[PDB]
DNA sequence: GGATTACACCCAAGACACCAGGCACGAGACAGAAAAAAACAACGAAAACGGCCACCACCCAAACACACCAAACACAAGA
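In full-length UniProt numbering, the protein residues as written are 1075 to 1125.
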């Protein structure tokens, strides 16, 4: 694509049925600097949804 | 007999006690226990009948002797 030159090797090419799985990165990316702590231990809480 | 059996992360879903016999008080009845009296043991006082010493006579015990029997050294017999 960059140069239009032929590729020295030939490429196995054709349609294939792919699937969109439920695991998206935007549902997983989590960061925490400081946030809510637990009542008993005063340590950071557990959960991406709970920060 | 107990005790331990990978590590990290994501999401969703339900419950966050209800209801029934024991403690206190709440009052009777035989049993847990207390009070009394009458038939239980003994002792004081009188009555007369059983117990002890006499008197007494007939039945059992001892002496005498009888004849009778059991028995024991030894002169004789015997192997």
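We put the CB at the ideal spot given by N, CA and C, even for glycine.
Asked                                                                                                                                         : Found
Relative to the C-alpha of residue 1102, which residue among 1077, 1086, 1088 and 1125 is closest?                                            : 1125
Whole angstroms are fine: how far does the CA of residue 1100 sit from the CA of residue 1109?                                                : 20 Å
Spatial neighbours of residue 1117 within its chain, please: C-beta separation below 8 Å, excluding the five flanking residues on both sides. : 1111
Provide the residue(s) that pair with residue 1111 in DSSP beta bridges, ordered along the chain.                                             : 1118
CB residue 1122 to CB residue 1104, shorter than 8 Å?                                                                                         : yes
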